[PDB]
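Student: Each residue of the sequence shown is one higher than the one before, counting from 8 in my numbering. A virtual CB, placed ideally from N, CA and C, is assigned to each residue, including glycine. Mind looking over this structure? Questions follow.
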Amino acid sequence: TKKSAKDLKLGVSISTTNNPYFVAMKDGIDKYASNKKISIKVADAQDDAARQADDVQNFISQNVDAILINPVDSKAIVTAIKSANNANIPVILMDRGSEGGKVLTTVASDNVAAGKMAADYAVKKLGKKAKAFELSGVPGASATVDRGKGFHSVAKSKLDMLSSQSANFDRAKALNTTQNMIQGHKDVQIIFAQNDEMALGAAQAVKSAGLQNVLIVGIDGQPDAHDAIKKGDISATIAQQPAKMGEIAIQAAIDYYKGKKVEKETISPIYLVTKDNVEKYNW
Ligand SMILES: O[C@@H]1[C@H](O)[C@H](O)CO[C@H]1O
Numbered sequence: 008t009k010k011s012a013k014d015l016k017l018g019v020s021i022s023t024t025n026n027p028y029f030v031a032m033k034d035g036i037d038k039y040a041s042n043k044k045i046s047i048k049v050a051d052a053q054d055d056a057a058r059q060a061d062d063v064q065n066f067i068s069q070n071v072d073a074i075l076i077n078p079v080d081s082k083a084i085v086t087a088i089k090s091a092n093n094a095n096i097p098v099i100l101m102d103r104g105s106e107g108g109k110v111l112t113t114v115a116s117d118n119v120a121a122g123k124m125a126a127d128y129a130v131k132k133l134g135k136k137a138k139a140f141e142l143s144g145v146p147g148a149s150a151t152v153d154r155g156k157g158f159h160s161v162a163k164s165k166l167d168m169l170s171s172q173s174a175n176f177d178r179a180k181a182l183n184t185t186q187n188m189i190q191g192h193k194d195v196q197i198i199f200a201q202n203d204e205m206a207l208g209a210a211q212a213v214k215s216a217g218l219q220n221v222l223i224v225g226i227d228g229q230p231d232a233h234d235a236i237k238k239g240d241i242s243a244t245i246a247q248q249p250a251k252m253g254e255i256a257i258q259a260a261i262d263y264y265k266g267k268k269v270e271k272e273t274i275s276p277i278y279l280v281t282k283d284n285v286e287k288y289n290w
């Protein structure tokens, strides 16, 4: 099976586009696509596991040559993956994994390591036994179970947890969640958000309650998050590479149809971004 990279039809299923991170992914994907002459159709799922399933079959009937999927639920996507497996359409996973199904390659970070660096930053900045919140994400996404595991590794010891509720990777839900979390625990010192949308939402809740020394740590490295660090609204973020993610996914589809072997796993590098680092690792 060797098709031409020129005029290659690819489907791209992104969970939601309300998130700047997954917008940066789309934009970097289309830039790579047009640079190597790949025809591409992106389909937003709006954090729906069923709209994604229908978005997969629409690509399947579009007769695309590969489907770049960013799952919303890592368990529910498996059924649709076997559907593309039967149609002999290679599946490439991005940012989040899946619990089963035949996948050509997976491009994503070490989300366990991402949780690692956030607790390490808190313990290194605010000492040990410091009172902290966690803002978890979509419970069915592999990125939130891994970020929570890697965080609590260095958080069972060295840190005191007041709460751990989820805001589903959403600014607004995190704003409300944080505000209520503060009401109970006025003595909070650190807030860990598994994504920058929640970090930015916690920052508004912290400053609306008049708290002045609550260190905030996020994950993604989004342009606005660099700006909050300079403005002092948050303290650090764990940078990801959303564009470089979807661009080594596209090249994997090209390399597959080129008769070249592609790695089953590709770990995207992550980086800490503090007030001294704000100029680096930007998307
Ligand atoms: O890695 C991505 C980003 O952190 C985004 O903010 C939410 O979904 C995660 O999987």
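Relative to the C-alpha of residue 132, which candidate in 203, 198, 228 has its C-alpha closest?
Tutor: Stepping through the sequence shown from its first residue, residue 132 is reached at position 125. Comparing Cα-Cα distances from residue 132 to each of 203, 198, 228, the minimum goes to 198.
Student: In the DSSP assignment, find the unbroken alpha helix (DSSP H) run with residue 89 in it and report its ends.
Tutor: To locate residue 89, count along the sequence shown from 1; it is residue 82. First-last of the alpha helix (DSSP H) with residue 89: 84 to 93.
Student: Taking residue 62 and residue 73 to be in contact with their CB atoms under 8 Å, please state how far apart those CB atoms are, rounded to whole angstroms.
Tutor: On the sequence shown, residue 62 is found 55 positions in, with the first residue counted as 1. On the sequence shown, residue 73 is found 66 positions in, with the first residue counted as 1. With 8 Å as the limit, residue 62 and residue 73 do not qualify as a contact, their Cβ atoms being about 14 Å apart.
Student: Could you tell me which residues DSSP puts in a beta bridge with residue 113?
Tutor: For the purposes of this step, residue 113 is identified with residue 106 of the sequence shown, where counting begins at 1. Residue 113 pairs with 100, 272.
Student: Comparing C-alpha positions only, which one of 267, 204, 68 sits nearest to residue 26?
Tutor: What you label residue 26 is simply residue 19 of the sequence shown in a count that begins at 1. Measuring from the Cα of residue 26, the nearest candidate turns out to be 204.
Student: Quick check on DSSP: helix, strand or coil for residue 218?
Tutor: As a first step, residue 218 must be located in the sequence shown, where it is residue number 211. The answer is coil: DSSP assigns residue 218 none of H, G, I, E or B.
Student: Are three or more beta carbon pairs between the segment 219 to 236 and the segment 261 to 274 nearer than 8 Å?
Tutor: no
Student: Considering just the uninterrupted stretch of the beta strand (DSSP E) at residue 18, what are its terminal residues?
Tutor: In the sequence shown, counting from the first residue as 1, residue 18 sits at position 11. Taken as a continuous stretch (DSSP letters only), the beta strand (DSSP E) holding residue 18 covers 15 to 21.
Student: What is the DSSP secondary structure of residue 48, counted as helix, strand or coil?
Tutor: The sequence position of residue 48 within the sequence shown is 41, counting from 1. In this structure, residue 48 counts as strand in the three-state DSSP scheme.
Student: Can you tell me which of 105, 207, 85 puts its alpha carbon nearest to the alpha carbon of residue 226?
Tutor: For this step, residue 226 is matched to residue 219 along the sequence shown. Between residue 226 and the set 105, 207, 85, the nearest pair of CA atoms involves 207.
Student: Taking the alpha-carbon of residue 53 as reference, which of 70, 30, 69 has the nearest alpha-carbon?
Tutor: Numbered from 1 along the sequence shown, position 46 holds the residue referred to as residue 53. That would be 30, whose Cα lies nearest to the Cα of residue 53.
Student: For residue 108, collect the residues of the same chain with a Cβ closer than 6 Å to its Cβ; drop the 5 residues on either side in sequence, then sort them by chain order.
Tutor: Taking the first residue of the sequence shown as 1, we reach residue 108 at position 101. 85, 88, 89.
Student: Let me confirm a value: residue 141 is counted as buried when at least 16 other C-beta atoms fall within 10 Å, else exposed. Which label applies?
Tutor: Indexing the sequence shown from 1 puts residue 141 at position 134. Around the beta carbon of residue 141, 16 or more other beta carbons lie within 10 angstroms, which makes this residue buried.
Student: Between the segment 277 to 289 and the segment 243 to 255, do at least 3 Cβ pairs fall closer than 8 Å?
Tutor: yes
Student: Mind checking who residue 140 pairs with in its DSSP beta bridge?
Tutor: By 1-based counting over the sequence shown, the position of residue 140 is 133. 170, 198, per the DSSP bridge assignment.
Student: Below 8 Å CB to CB, which residues in the same chain sit around residue 195 once its five sequence neighbours on both sides are set aside?
Tutor: Looking up residue 195 in the sequence shown gives position 188. So the qualifying residues of the chain are 138, 139, 140, 169, 188, 189, 218, 221.
Student: Could you spell out where the beta strand (DSSP E) holding residue 250 opens and where it closes?
Tutor: Position 243 of the sequence shown, counted from the first residue, corresponds to residue 250. No beta strand (DSSP E) holds residue 250; the alpha helix (DSSP H) holding it covers 249 to 263.
Student: With a threshold of 8 Å on Cβ separation, who are the neighbours of residue 96 within its own chain once the five nearest residues in sequence on each side are excluded?
Tutor: Position 89 of the sequence shown, counted from the start, is the residue given in the question as residue 96. 66, 67, 71, 72, 73, 74, listed in sequence order.
Student: With distance defined between alpha-carbon atoms, name the residue in 18, 21, 183, 60 nearest to residue 213.
Tutor: Counting from 1 along the sequence shown, the entry for residue 213 is found at position 206. The candidate whose alpha carbon is nearest that of residue 213 is 183.
Student: Is residue 247 near ligand 1, with its Cβ less than 8 Å from a heavy atom?
Tutor: In the sequence shown, residue 247 corresponds to position 240, counting from 1. At least one heavy atom of ligand 1 is nearer than 8 Å to the Cβ of residue 247, so yes.
Student: Does the structure place the segment 108 to 127 close enough to the segment 171 to 186 that three or more beta carbon pairs sit under 8 Å?
Tutor: no
Student: Which term fits residue 77, buried or exposed, when burial requires 16 or more other beta carbons within 10 angstroms of its beta carbon?
Tutor: As a working note, residue 77 is residue 70 in the sequence shown. Flag for residue 77 reads buried.
Student: Does the separation of the CB atoms of residue 193 and residue 35 fall below 9 Å?
Tutor: Numbered from its first residue, the sequence shown carries residue 193 at position 186. Numbered from its first residue, the sequence shown carries residue 35 at position 28. No, Cβ-Cβ distance for residue 193 and residue 35 is not below 9 Å.
Student: Using 9 Å as the threshold, is the C-beta distance between residue 94 and residue 56 below it?
Tutor: Residue numbering aside, residue 94 sits at position 87 when the sequence shown is read from its first letter. Residue numbering aside, residue 56 sits at position 49 when the sequence shown is read from its first letter. Taking 9 Å as the Cβ cut-off, residue 94 and residue 56 do not qualify as a contacting pair.
Student: With the cut-off set at 9 Å, would you say residue 147 and residue 79 are in Cβ contact?
Tutor: If you number the sequence shown from 1, residue 147 lands on position 140. If you number the sequence shown from 1, residue 79 lands on position 72. A contact, by the Cβ cut-off of 9 Å.
Student: Out of 289, 239, 159, 45, which one is the CA nearest neighbour of residue 17?
Tutor: Taking the first residue of the sequence shown as position 1, residue 17 is located at position 10. Nearest C-alpha to residue 17: 45.
Student: Compute the distance between the beta-carbons of residue 174 and residue 126, then report whether it is under 9 Å.
Tutor: Walking along the sequence shown from the start, residue 174 turns up at place 167. Walking along the sequence shown from the start, residue 126 turns up at place 119. Going by C-beta atoms, residue 174 is not nearer than 9 Å to residue 126.
Student: Going by C-alpha to C-alpha distance, which of 12, 121, 33 sits closest to residue 19?
Tutor: Sequence index remark: in the sequence shown, residue 19 carries index 12 (1-based). Considering only alpha carbons, the answer is 33.
Student: Tell me which residues share the same chain as residue 144 and place their Cβ nearer than 8 Å to its Cβ, disregarding the 5 neighbours each side in the sequence.
Tutor: For the purposes of this step, residue 144 is identified with residue 137 of the sequence shown, where counting begins at 1. These residues qualify, in order along the chain: 150, 151, 154, 173, 174, 175, 176, 201, 202, 205.
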